[PDB]
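Working notes, beginning with the structure itself.
No Cβ is skipped: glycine too gets one built from the backbone with ideal geometry, and neighbour counts run over all protein chains shown. What is reported rests on the model, the rules as stated and the sources as named; no laboratory read-out is quoted.
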Amino acid sequence: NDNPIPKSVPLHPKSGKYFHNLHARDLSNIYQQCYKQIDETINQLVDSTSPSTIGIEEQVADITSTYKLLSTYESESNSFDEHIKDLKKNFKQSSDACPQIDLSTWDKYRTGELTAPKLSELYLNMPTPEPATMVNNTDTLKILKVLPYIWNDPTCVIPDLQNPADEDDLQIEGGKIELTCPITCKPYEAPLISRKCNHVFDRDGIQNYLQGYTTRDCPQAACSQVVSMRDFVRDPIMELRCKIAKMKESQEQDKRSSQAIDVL
Amino acid sequence: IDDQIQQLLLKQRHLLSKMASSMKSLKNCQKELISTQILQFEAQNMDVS
């Protein structure tokens, strides 16, 4: 009507060139660089704070909030790109469905009696991104959450699935997790744990037990299962505990020696 | 040394917050790039037709 400017027209092959050219610009490299940066910052912070200094809980909470915000950003960016591709597919299908303007179909579209899909309206009507079907649980997040307790004491039992207060009401009765293996009187240089056994092993003597037998029972108690080589994975918690224990024992030995010399 | 370490930790957490702020600002830039571009693409299709 009036000025012959139709609201929308069917897609053209020349316009199809640009439609295929249009894409959402990526953040995969940016996101992975950010993730690696925050992970290495957490790793540095693990031993960065002075052993006598206490109160890393607020910094841990702040870093947890930062990581959660980053993960939410990544999830909604994935939502962005999937929405973009779905919108492109819907628009191309609608354009293919609609006819082509040759003689007066353009006039009909201009008069408004005929309508064609418009990417602007579709992008205005696309649903807002939703952080659904996404879980903010990573190994870095887990170690970040559990590191304050390890800092407080090397032996801790954080899970509260059985009871929110502790493992059993107020008393854990969980014993201690020893850095030095009775089998191998040495710190765990290769901490390997099973998703089923949930026990950390040095693997130096475990390979000797697992050679010649396809599956062998877990030597530790409180469980009964057989595992192979490929069920073992690296557990950062174990060497985190080892490092904090060594650092604390070094600082306490230095303090006691210095005070004893000050006595003389 | 401990005071300097604490100051560096505070500085690095401040930079972490700053780069978190730059995050989703980069996403808003990405959205304002992809948006207002499809409208001009529609104008290009208008010209082509």
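Figures for the structure shown
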{"item": "Subset of chain B that is of a type in the set (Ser, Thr, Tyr) and more than 9 Å from chain A (Cβ to nearest Cβ) - its residue that is surrounded by the most Cβ atoms within 10 Å (Cβ to Cβ)", "result": "B:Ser22"}
{"item": "Test: A:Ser95 is farther than 23 Å from A:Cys34 by Cα and surrounded by 18 or more Cβ atoms within 10 Å (Cβ to Cβ)", "result": "yes"}
{"item": "Residue list for segment A:48-66, filter: polar (S, T, N, Q) and within 21 Å of the chain's Cα centre (by Cα)", "result": "A:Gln59, A:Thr64, A:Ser65, A:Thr66"}
{"item": "Residues satisfying the stated conditions in segment A:144-198, i.e. of a type in the set (S, T, N, Q) and loosely packed, with under 15 Cβ neighbours inside 10 Å", "result": "A:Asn152, A:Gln162, A:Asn163, A:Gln171, A:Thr180, A:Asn198"}
{"item": "Restricting segment A:29-48 to residues that are under 30 Å from A:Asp254 (Cβ atoms) and free of Cβ contacts under 8 Å to residues at least 12 places away in the same chain, the residue that is farthest from the other protein chains (Cβ to nearest Cβ)", "result": "A:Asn43"}
{"item": "Residue list for segment A:219-256, filter: in contact (Cβ under 8 Å) with a residue 12 or more places away in the chain and assigned to a loop (DSSP other than H, G, I, E, B)", "result": "A:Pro219, A:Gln220, A:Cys223, A:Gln225, A:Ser228, A:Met229, A:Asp231, A:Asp235"}
{"item": "Test set (1) more than 14 Å from the chain's Cα centre (by Cα); (2) more than 21 Å from A:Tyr123 (Cα to Cα) - B:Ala43 fails condition number", "result": "(2)"}
{"item": "Single condition A:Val226 does not satisfy, out of (1) surrounded by 14 or more Cβ atoms within 10 Å (Cβ to Cβ); (2) under 30 Å from A:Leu141 (Cβ atoms)", "result": "(2)"}
{"item": "Pair list, Cβ < 6 Å and 6+ apart or interchain, from segment A:2-28 residues that are on the phi < 0 side of the Ramachandran plot and more than 8 Å from chain B (Cβ to nearest Cβ) to residues that are among the hydrophobic types (A, V, I, L, M, F, W, C) and part of a helix (DSSP H, G or I)", "result": "none"}
{"item": "All helices (runs of 4 or more DSSP H) inside segment A:54-128 with 3 or more residues being facing chain B (nearest Cβ under 10 Å)", "result": "A:57-97, A:119-125"}
{"item": "Residue, farthest from A:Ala245 (Cα to Cα), within segment A:177-226, restricted to residues that are in contact with a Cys (Cβ under 8 Å, 6 or more places away or on another chain) and of a type in the set (A, V, I, L, M)", "result": "A:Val226"}
{"item": "Matching option when the condition is in the same structural domain as A:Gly16 (by CATH) and in contact (Cβ under 8 Å) with a residue 12 or more places away in the chain, among A:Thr105, A:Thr111", "result": "A:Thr111"}
